[PDB]
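Input: a single structure, listed below in structure tokens.
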Amino acid sequence: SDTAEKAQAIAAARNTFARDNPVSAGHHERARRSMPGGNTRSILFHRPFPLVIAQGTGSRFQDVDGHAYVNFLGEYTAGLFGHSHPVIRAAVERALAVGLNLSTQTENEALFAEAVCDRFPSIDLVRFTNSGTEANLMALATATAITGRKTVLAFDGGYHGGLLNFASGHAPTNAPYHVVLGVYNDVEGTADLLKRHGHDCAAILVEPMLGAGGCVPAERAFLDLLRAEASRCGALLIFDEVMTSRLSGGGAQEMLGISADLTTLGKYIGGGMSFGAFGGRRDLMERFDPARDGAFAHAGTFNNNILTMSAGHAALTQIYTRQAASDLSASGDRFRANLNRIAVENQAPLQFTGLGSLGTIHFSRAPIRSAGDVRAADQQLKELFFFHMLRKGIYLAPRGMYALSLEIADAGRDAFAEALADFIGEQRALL
Amino acid sequence: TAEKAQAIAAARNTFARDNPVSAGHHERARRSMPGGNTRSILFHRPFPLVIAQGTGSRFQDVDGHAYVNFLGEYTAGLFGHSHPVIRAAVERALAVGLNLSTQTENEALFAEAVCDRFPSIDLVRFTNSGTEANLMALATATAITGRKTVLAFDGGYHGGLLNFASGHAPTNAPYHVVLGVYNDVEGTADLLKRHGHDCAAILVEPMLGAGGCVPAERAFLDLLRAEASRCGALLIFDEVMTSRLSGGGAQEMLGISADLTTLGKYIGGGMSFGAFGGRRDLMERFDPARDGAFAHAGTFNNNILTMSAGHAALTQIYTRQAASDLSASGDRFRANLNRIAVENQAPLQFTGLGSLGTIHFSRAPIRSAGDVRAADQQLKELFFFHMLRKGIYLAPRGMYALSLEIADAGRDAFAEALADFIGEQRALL
Ligand SMILES: *Cc1c(COP(=O)(O)O)cnc(C)c1O
Ligand SMILES: *Cc1c(COP(=O)(O)O)cnc(C)c1O
Ligand SMILES: O=C(O)CCC(=O)C(=O)O
Ligand SMILES: O=C(O)CCC(=O)C(=O)O
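Chains as they are written, first to last, in PDB author numbering: chain A, 14 to 444; chain B, 16 to 444.
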């Protein structure tokens, strides 16, 4: 629960942040004249104002006030290649040479689709979208249209895009699919919901690890229930792998040996360009074959844009190969283990949860298994941690999430670990 | 008729014979994408072209055939295939840095250009597509009003998940959509009488785009503006296509203001792009710092490429003057095409506004989706294949969208090809 002591510490941290970043402060007031709250991505806003960045190369960027940071946020998993990857740049140059807005299919989209199908074991066919939000919306459109049903089972804490946000339960702006919310990792509770709703469930939509919800891994028993019951009731199991796809060459599904009926993809796979994708079992995806009678339509001006097609193919085949995925996940696992080792050795009431190269801090000693556990953790200390890391020249998400890019090296990881130890020492009274 | 069907069979066969390399590509593409397809509109029978390369207004297919691109990415491809200013903006974006995970000045600069240009947009937010923009506009309307009913129009197209071009579709996002008839004052008035109490939004294009370049009549839009205000529904103008028609879109030309406006396609400089904006008090609901703030997320919303290319698109390339000039150019072009039709007593017309136009094989008034559908669809398909054989590429549905790279030579070629079609297909006309 909130204390005056922690609130005063946060005020001090915010005040120091404010005083040290007057140019950013000024830009926020300016931006408010053209965008609501000077904002166009809700997650980028935090009090007193967000940092405005001038320039970045590799793993580093500099704000408009001259401070340099190592970027541990990695564009919420999308920024896997850093700020200036030469192979990505080469792909962009290649795309420009091919030509922009060609108003037609090129070979590049087919090559990218083949790359996706090759490495993701449950994706027989794929279609590209302009975001993970579109990918998940299309997956639900597919499920409802195929099954003829209206009910969607999702989970509290789950995030499937701007129109499918359940991070704080139901939101009035969510697309009006008939969504029933379960508790993440709750086998008995979810079993009960499927007994009530299963016969009219078009889809079960779930991340194999809550991403925005707190890097909360799904337990095998939970995913086993979803797979078993989706098949039983005739619902399509949709694994939202927008974040988890990086965890191995074939994402979480390769790791688990569990196959979803449809899989959604996004973020890094398009090489840092606008990107989403939905794919899955052949017989389901074939409903979109435009030559079929009663074919489902899937539109989108920029679905096949040359930049995404080129950068994405390079991302999957030239940079983040299946082996590179295994390697980075192993690297992330060692990193996260070291962070937790530092916590345990200092008897700190904090932990890092996640998988592979993905992690989020939680100020709690309890097992983090559902949205409730994440919310029950100390949110004041979380904010205090964010500002501390900033002062140490380390940028991660305000919510305490990192997503290791391929540009993070020993020096970056060491600085992060040292800064964590410093936080534990300096904030001992509040811990 | 059977004669038109045999002519279509012959045209498809000639296209197939002309393009065996594209045919090869299609068979391979089918192994990884449904129907070898990732945008439904790009498929046509017997198979679509695969393009190898393009520069300016021209492109080349994989069989080596060259074409002038009159399609212009369904209005998004306003700058041609290799605009130097767009290229410069891309290079500048790369110099700033990709996936910086933070705001830069560039999004603010782009937002400022958008708000400056469009008279009813006080505040704006960027999305990754026009579909996302329209979904967010509907999200805004339903959440603010607490109402469920959305009035839209048969023939209306508002994105993949909001596609009413052929009435309701089972894949459409499950908003409670009631469909009216475009330009139908009496019928729409009746619907607003019945549904006005629970109407969250009226969603309408100032000209049906995908529906056939069918201009809205003043009386129709006046009805919508008055009734939206009366019943407390948000009037949403989908200007994804129409925004190009002047510096400030259709709303500037009409002197009618929608409560929310959605944008897309060309405004992002050819990069992934969408935007929703409108009245300040409505948009302020998305200020993340306000109590009970609505959330609008999206990883690539503020992506540096779109922010840079978009700012260049509005402030350097497609200025207010450029918009006026291109629309005047397009009006002259469309008039010339219709003149050619009239001179040859051809049962066809081109409908549209400014640099946007669509052929319809009918001389009846084209005022709604019904009129578009009642026109000869067989001749429409024959026209597409004919133009291809003449090295002119436009939409299979017979729509052109003039880019800034279209010049005298291209326009002259289009006109001659139309005249040739009329003469060669006189027996079917
Ligand atoms: C980021 C994310 C999305 C949304 O993708 P966008 O490109 O931001 O629309 C969906 N699902 C998950 C699990 C994500 O992490
Ligand atoms: C193209 C279009 C859209 C959709 O924009 P996308 O980027 O393809 O999702 C919406 N409305 C209209 C009028 C359009 O023309
Ligand atoms: O490219 C797409 O998929 C949609 C294009 C479009 O909006 C149109 O039909 O005009
Ligand atoms: O950047 C955005 O708006 C979405 C990113 C996201 O899904 C997240 O919160 O991790």
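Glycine included, every Cβ here is placed at the ideal spot set by N, Cα and C.
- A residue is called buried when at least 16 other Cβ atoms come within 10 angstroms of its Cβ; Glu18/B does not meet this threshold and is exposed.
- For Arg45/B, the CB contacts under 7 Å within the same chain, skipping 5 residues up- and downstream, are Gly51 in chain order.
- Within chain B, not a single residue places a beta-carbon under 7 Å from that of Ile381/A; the smallest gap is close to 23 Å.
- Closest option to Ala328/A, judged by alpha-carbon separation, among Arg162/A, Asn34/A and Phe94/A: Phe94/A.
- Between the beta-carbon of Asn84/B and that of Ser116/A there is about 6 Å, and that keeps the pair under the 8 Å contact cut.
- In the three-state reduction of the DSSP assignment, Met256/A falls in the coil class.
- Per DSSP, the continuous beta strand (DSSP E) segment holding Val219/A begins and ends at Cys214 to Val219.
- Only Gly279, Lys280 and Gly285 from the segment 271 to 285 of chain B bring a Cβ to less than 8 Å from some Cβ of chain A.
- Fewer than three Cβ pairs drawn from the segment 135 to 153 of chain A and the segment 330 to 340 of chain A lie within less than 8 Å of each other, which leaves the two stretches out of contact.
- When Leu320/B, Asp391/B and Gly307/B are compared, the shortest CA-CA separation from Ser97/A is found for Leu320/B.
- Judged by beta-carbon spacing, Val196/A lies beyond the 8 Å limit of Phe179/A, meaning their Cβ atoms are not closer than that value.
- Remark: the shortest separation between the CB of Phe133/A and any heavy atom of ligand 1 does not fall under 7 Å.
- Under the three-state reduction of DSSP, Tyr172/A is assigned to strand.
- With a cut-off of 7 Å, the C-beta of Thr277/B is classified as distant from ligand 3, since no heavy atom of the ligand falls inside that distance.
- Annotated three-state conformation of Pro63/B is coil, per DSSP.
- Spanning the alpha carbons of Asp423/B and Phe348/B requires a straight line of approximately 10 Å.
- Scanning its chain for C-beta atoms nearer than 6 Å, with the 5 sequence neighbours on each side dropped, one finds around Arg300/B the residues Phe309, in chain order.
- Looking at the DSSP output, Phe74/A shares a beta bridge with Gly69/A and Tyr82/A.
- In this structure, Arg54/B has its beta carbon less than 7 Å from a heavy atom of ligand 3.
- DSSP places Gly325/B inside the alpha helix (DSSP H), whose first and last residues are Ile319 to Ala327.
- Ranked by how close their Cα comes to the Cα of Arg259/B, the residues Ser418/B, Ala428/B and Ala432/B have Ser418/B in first place.
- Per DSSP, the continuous beta strand (DSSP E) segment holding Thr277/B begins and ends at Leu275 to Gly279.
- Annotated three-state conformation of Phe398/A is helix, per DSSP.
- With a cut-off of 7 Å, the C-beta of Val255/B is classified as near ligand 2, since at least one heavy atom of the ligand falls inside that distance.
- If you draw a straight line from the Cα of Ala389/B to the Cα of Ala225/B, it comes to about 16 Å.
- Per DSSP, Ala290/A is one residue of the beta strand (DSSP E) stretching across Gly289 to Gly293.
- Apart from sequence neighbours up to five positions away, the residues of its chain that approach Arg132/A with a beta-carbon distance below 8 Å are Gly262, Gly263, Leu329 and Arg335, ordered along the chain.
- Annotation for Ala356/A: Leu363 and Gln364 place their beta carbon closer than 7 Å to its own, counting only its chain and skipping 5 residues before and after.
- Under the 8 Å criterion on CB atoms, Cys246/A is classed as non-interfacial with respect to chain B.
- Following the DSSP letters along the chain, one finds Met414/A inside the beta strand (DSSP E) bounded by residues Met414 to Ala416.
- When 8 Å is used as the limit between beta carbons, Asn316/B is near these residues of chain A: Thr53 and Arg54, in chain order.
- The C-beta separation of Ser370/A from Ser344/A comes to about 7 Å, placing the pair in contact by the 8 Å criterion.
- Apart from the 5 residues on each side of it in sequence, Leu207/B sits with its Cβ closer than 6 Å to the Cβ of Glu242 in its chain, given in chain order.
- Within 7 Å of the C-beta of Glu122/A there is not a single heavy atom belonging to ligand 2.
- Contact annotation: the segment 58 to 77 of chain A does not touch the segment 72 to 88 of chain B, with fewer than three C-beta pairs closer than 8 Å.
- When secondary structure is reduced to three states using DSSP, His191/A falls in the strand class.
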